[PDB]
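S.K.: Sequential numbering of the sequence shown, starting at 5, is according to this note's numbering.
Even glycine gets a Cβ: it sits at the ideal position worked out from N, Cα and C.
Sharing a structure below in structure tokens format, with a few things to ask.
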Amino acid sequence: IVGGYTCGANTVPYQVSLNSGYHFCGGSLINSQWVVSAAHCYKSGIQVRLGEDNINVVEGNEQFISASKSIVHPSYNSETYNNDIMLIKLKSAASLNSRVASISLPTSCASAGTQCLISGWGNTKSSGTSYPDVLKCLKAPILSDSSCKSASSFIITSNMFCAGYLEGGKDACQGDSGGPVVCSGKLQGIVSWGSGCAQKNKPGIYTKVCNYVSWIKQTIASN
Ligand SMILES: N=C(N)NCCC[C@@H](NS(=O)(=O)Cc1ccccc1)C(=O)NCC(=O)NCc1ccc(C(=N)N)cc1
Ligand SMILES: [Ca+2]
Ligand SMILES: [Cl-]
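In structure tokens:
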């Protein structure tokens, strides 16, 4: 997260770190057994880490749980990042508490102008490299598709939205991938893709979770 702020320990209790020997992606806890992340975060040997603040220190509120199944969206396109979403089932149910909590799925999509909370342990610099140990947060509004398209020249599918600031300086970044965009207590976005980080006229692009609720629900029902 570039141009954000320190969240505060366990202030984003649905925020997950995916670990494969090191933190490599975020995720969102959607019930005691399932995590939503980005399809581009798929890899073998994922351990889900709940209750994290400092990812390099055991602070006492963590739960580390292996993935038992990973389900990449059937239509994930690794060139365009269309359908950039994945479900991860936990080997064991997380113990839910004030610091490890699920986040609700949308009942309907959010609109341009709505303010959202974006979080993760990704790069904090728009130029160069700095990875935080503690969770970072950013408030950012959803942009209209038309303003985003004209500003960036990006192709934005129906399953994507732009959020952030066209002026640059505030954005998600590498390492935030797969993490939450929460708006009015609903998981509306997943950190997906972009062009650099916090650059002018290059806002963050996010998987539009509202389009996947039926898929998530039926997948969970049958797995
Ligand atoms: N030609 C097409 N259509 N390409 C789609 C993929 C574009 C790709 N862009 S990219 O390489 O600039 C992403 C990046 C890599 C290193 C450092 C900063 C940013 C990209 O974003 N790749 C996946 C990725 O790196 N995702 C992580 C990510 C998370 C947040 C942002 C952000 N600025 N909000 C950007 C990338
Ligand atoms: Ca920790
Ligand atoms: Cl529009």
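Assess contact between the segment 99 to 109 and the segment 149 to 158, defined as three or more Cβ pairs (one per stretch) separated by less than 8 Å. Is contact present?
M.R.: As far as the Cβ criterion goes, the segment 99 to 109 does not touch the segment 149 to 158, which means the pair count is below three.
S.K.: Whose CA, out of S188, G7, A13, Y26, lies closest to the CA of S108?
M.R.: It is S188 whose Cα lies nearest to the Cα of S108.
S.K.: If the criterion is Cβ atoms closer than 8 Å, does the pair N58 and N14 meet it?
M.R.: No, the Cβ-Cβ distance between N58 and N14 is not below 8 Å.
S.K.: For the beta strand (DSSP E) that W197 lies in, which residues bound it at each end?
M.R.: First-last of the beta strand (DSSP E) with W197: 190 to 197.
S.K.: Skipping 5 residues on each side, what residues in its chain have a beta carbon closer than 6 Å to that of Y9?
M.R.: The residues are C141.
S.K.: At a cut-off of 7 Å, is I69 close to ligand 2 when judged by its beta-carbon and the heavy atoms of the ligand?
M.R.: For ligand 2, not one heavy atom lies less than 7 Å from the Cβ of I69.
S.K.: Under 6 Å, CB to any heavy atom of ligand 1. Which residues pass, going along the chain?
M.R.: Here the residues come out as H44, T84, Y85, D175, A176, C177, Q178, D180, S181, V195, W197, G198, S199, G200, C201, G208.
S.K.: Can you name the residues that DSSP bridges to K143?
M.R.: According to DSSP, which records beta bridges pairwise, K143 is partnered with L121.
S.K.: Which residues does DSSP pair with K73 in a beta bridge?
M.R.: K93.
S.K.: Mind the definition here: the segment 47 to 63 touches the segment 16 to 28 only if three or more C-beta pairs lie below 8 Å; say whether that holds.
M.R.: Because the criterion of three Cβ pairs below 8 Å is met, the segment 47 to 63 and the segment 16 to 28 touch.
S.K.: For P184, count neighbouring Cβ atoms within 10 angstroms of its own Cβ and tell me buried if that reaches 16, exposed if not.
M.R.: By the neighbour-count rule (16 or more Cβ atoms within 10 Å), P184 is buried.
S.K.: Mind checking which residues open and close the beta strand (DSSP E) that includes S21?
M.R.: Note, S21: beta strand (DSSP E), 19 to 23.
S.K.: Just the Cα atoms here: how many angstroms apart are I69 and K95?
M.R.: Looking at the two C-alpha atoms, the distance is approximately 7 Å.
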